[PDB]
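A.B. asks: Below: one structure in structure tokens.
Basis: the model, the stated rules and, where named, an outside source; no laboratory read-out is quoted. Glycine gets a Cβ as well: all are built from the backbone with ideal geometry, and neighbour counts include every protein chain shown.
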DNA sequence: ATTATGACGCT
DNA sequence: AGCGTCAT
Ligand SMILES: Nc1ncnc2c1ncn2[C@H]1C[C@H](O)[C@@H](COP(=O)(O)OP(=O)(O)OP(=O)(O)O)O1
Ligand SMILES: [Ca+2]
Ligand SMILES: [Mg+2]
């Protein structure tokens, strides 16, 4: 009853760029704008691998994880932009730099958590309290929410999508009770006003469009964001959760898309998030562990407490390359040449990071994969990172892995290496 | 031959 | 620490 917390204490948004690497390439090359197009890395094997797809191209069935040659079968006029190659490998610098553009604009409105290269969480609780006082109990006009969807509305007593959006928004606003400065629904609404402003700023200042979700926590904000992509934002209220979750496959919720989510489904014999409510907290803890059990018990009620971390910068800087199939590294000097290439890119990124961000990495992590294994990593080893020098780092990397070499001859490498990975970690201020 | 990343959990 | 899971 009155003591039952409802997880409505915060306003959290998740902002996710639409088709992000494609938009980065479309800004650069106007010929690609408003076209079926995709971003591809490498080319020789099956046309290259697609890693981003414009919404026009998605209409033909083109997806990421698809080979370009197969995508071209679905969409013959598909336009392609290639990821830059440097020192023999894909280089994602253009997209990392575009990410920084967006992250810095968002940071003007509130403290953000960088969740990926193209999305960030925002805790807007304080900002909402602020805007609420300047409003002075003045109603929120629909005009302040021109791209907002209210999930679950309209309901009850039509052809158009935009017409439906406004119908829902009007029902929402008509029911709002703006006299209450602590009404969670009002707080979410003001949150949505701020996110309209944030998203307008991003588009004005970068040319990039994005979607967003506004709710009371990170998981609901993330889920909300995807409900109306692209170029729209969605408010998921606490009240909307029972209907939303009643038909929501468990795998859709962030962290449940893998083995844990499959286990929830198998063990409990359920399909939808809402079905979790019928279990006690102790029951869920018994199957999934103390932390997961408590998390699930609250999450299926729309409640989650994970804070938006004040972290705008990545915690690690890494360089990785696969050597598939026949290209697997079978000689020592192959291994050393590629360790150097990776180390040279790593040094480049590390030196720029030190200048920009006043920090220095102190630990180097070296990872390889051997032909045979289908784990991502076969072996992970750390060593000290004392100097930003590629030759030193590549020599150090070689030292920590050289005994993985089974071949009695030391010119050769067996089994051949199908992956190298260098990662700089454990930053300190400098 | 679904690549190049990046965060967080377990023991 | 090294490994696994999940994610984009
Ligand atoms: N598995 C991956 N491998 C390599 N790059 C990826 C992968 N997934 C995503 N990316 C890159 C390319 C994406 O443009 C970018 C952001 O990913 P993501 O948000 O999932 O899709 P997207 O921004 O391209 O489309 P949208 O968000 O509109 O569905 O990160
Ligand atoms: Ca995105
Ligand atoms: Mg994303």
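A.B. asks: Please enumerate the residues belonging to segment A:380-391 that are in contact with a helix residue (DSSP H, G or I) (Cβ under 8 Å, 6 or more places away or on another chain) and either in a helix (DSSP H, G or I) or within 21 Å of residue A:330 (Cα to Cα) (or both).
C.D. replies: Across segment A:380-391, the qualifying residues are A:381, A:390, A:391.
A.B. asks: Identify, please: which residue in segment A:16-46 is closer than 16 Å to residue A:203 by Cβ and within 16 Å of DNA strand B (Cβ to nearest atom) and is, among those, surrounded by the most Cβ atoms within 10 Å (Cβ to Cβ)?
C.D. replies: A:19
A.B. asks: I'd like to verify a number: residues in segment A:97-129 that are within 13 Å of ligand 1 (Cβ to nearest atom) and more than 13 Å from the chain's Cα centre (by Cα), how many?
C.D. replies: Final tally of qualifying residues: 2.
A.B. asks: Sticking with this one: Name the residue that is nearest to residue A:82 (Cα to Cα), counting only residues in segment A:1-41 that are part of a strand (DSSP E or B), more than 16 Å from ligand 2 (Cβ to nearest atom) and touching a helix residue (DSSP H, G or I) at 6+ places or on another chain (Cβ under 9 Å).
C.D. replies: A:40
A.B. asks: Do we find a residue being within 30 Å of residue A:349 (Cβ to Cβ) and within 16 Å of DNA strand C (Cβ to nearest atom) anywhere in segment A:68-83?
C.D. replies: Yes, segment A:68-83 contains at least one residue that is within 30 Å of residue A:349 (Cβ to Cβ) and within 16 Å of DNA strand C (Cβ to nearest atom).
A.B. asks: Among the residues of segment A:305-347, which ones are part of a strand (DSSP E or B) and closer than 17 Å to residue A:422 by Cα? Break it down stepwise before answering.
C.D. replies: Restricting attention to segment A:305-347, the residues satisfying the condition of being part of a strand (DSSP E or B) are A:311, A:317-322, A:329-331.
Those that are part of a strand (DSSP E or B) and closer than 17 Å to residue A:422 by Cα: A:317, A:318, A:319, A:320, A:321, A:322, A:329.
A.B. asks: Here's another thing I want to ask about it. Checking the condition buried (at least 16 other Cβ atoms within 10 Å of the Cβ) and either touching a strand residue (DSSP E or B) at 6+ places or on another chain (Cβ under 7 Å) or not assigned by CATH to the domain that holds residue A:218 (or both), which residue from A:293, A:325, A:289, A:257 passes?
C.D. replies: So the residue among A:293, A:325, A:289, A:257 that is buried (at least 16 other Cβ atoms within 10 Å of the Cβ) and either touching a strand residue (DSSP E or B) at 6+ places or on another chain (Cβ under 7 Å) or not assigned by CATH to the domain that holds residue A:218 (or both) is A:293.
A.B. asks: Additional query: Just checking, does segment A:248-255 include any residue being within 21 Å of the chain's Cα centre (by Cα), within 16 Å of ligand 1 (Cβ to nearest atom) and either assigned to a helix (DSSP H, G or I) or farther than 27 Å from residue A:152 by Cβ (or both)?
C.D. replies: yes
A.B. asks: Name the residue, out of A:105, A:112, that is under 15 Å from residue A:16 (Cα atoms) and away from DNA strand C (no atom under 16 Å from the Cβ).
C.D. replies: After applying the criteria, what remains is A:105.
A.B. asks: Somewhere in segment A:158-166, is a residue in contact with a strand residue (DSSP E or B) (Cβ under 7 Å, 6 or more places away or on another chain), within 16 Å of DNA strand B (Cβ to nearest atom) and assigned by CATH to the domain that holds residue A:221?
C.D. replies: Residues of segment A:158-166 in contact with a strand residue (DSSP E or B) (Cβ under 7 Å, 6 or more places away or on another chain): A:165.
Imposing the further condition that a residue be within 16 Å of DNA strand B (Cβ to nearest atom) reduces the set to none.
Checked against the condition, which is being in contact with a strand residue (DSSP E or B) (Cβ under 7 Å, 6 or more places away or on another chain), within 16 Å of DNA strand B (Cβ to nearest atom) and assigned by CATH to the domain that holds residue A:221, segment A:158-166 yields no hits at all.
A.B. asks: Check residue A:65 against each of (1) surrounded by 14 or more Cβ atoms within 10 Å (Cβ to Cβ); (2) within 12 Å of ligand 1 (Cβ to nearest atom); (3) not assigned by CATH to the domain that holds residue A:237 and name the one condition it does not meet.
C.D. replies: (1)
A.B. asks: Of the residues A:97, A:113, A:119, which single one is out of contact with any strand residue (DSSP E or B) (no Cβ under 6 Å at 6 or more places or on another chain) and either within 16 Å of DNA strand B (Cβ to nearest atom) or outside the structural domain of residue A:41 (by CATH) (or both)?
C.D. replies: A:97
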